[PDB]
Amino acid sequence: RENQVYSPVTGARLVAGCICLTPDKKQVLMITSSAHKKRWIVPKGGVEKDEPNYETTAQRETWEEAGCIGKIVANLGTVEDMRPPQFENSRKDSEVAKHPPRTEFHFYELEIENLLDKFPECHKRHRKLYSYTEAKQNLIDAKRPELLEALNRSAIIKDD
């Protein structure tokens, strides 16, 4: 139902989520897409009308989707799903035809404080820690470069 919030400018869906890291920052928590059941992504979901801020949405989604609790330690800013629902070539480069973003993502970095075995989606998703290299490859395999950009902005140790 239309409890969902949209950018008054672009019409993009507003979504918040978490890059969840281990205290030592060597791993990131990933979950399986419910739709695309073999794609590994990060916890996120739609902002609802009642929610006062993006952090609220981000921590709600991180609990509901991954059973993960912790503390927001950084604002990672915004990224856009630029997937289209066909090309235009500018002489030394080529691009997809102009369209509004599907989704504007507000990401936060979270330091994991607990992972619980029971959570709302624990029967609908898998959840696993990954090092930077494996996480990067997951997000390429999932076709989600915008979630990789959010990961890259995080304090995750990349020197593997």
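When you see a residue number, it is the position in the sequence shown, counting from 1.
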Inset, instruction - Using none, 1 to 3, 4 to 9 or 10 or more, say how many deposited residues go missing between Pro85 and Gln86. - result: 4 to 9
Inset, instruction - Would you determine, from the values in the PDB entry, which of 26-34 and 87-95 has the greater average C-alpha temperature factor? - result: 87-95
Inset, instruction - Compare the mean C-alpha B-factor of 59-67 with that of 98-106 as given in the PDB entry, and name the stretch with the higher value. - result: 98-106
Inset, instruction - Among all modelled residues of this chain, ranked by Cα B factor, put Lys128 in the bottom, middle or top third, i.e. lowest, middle or highest. - result: middle
Inset, instruction - Within this chain's modelled residues, let me know which third the CA B factor of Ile112 belongs to: lowest, middle or highest. - result: middle
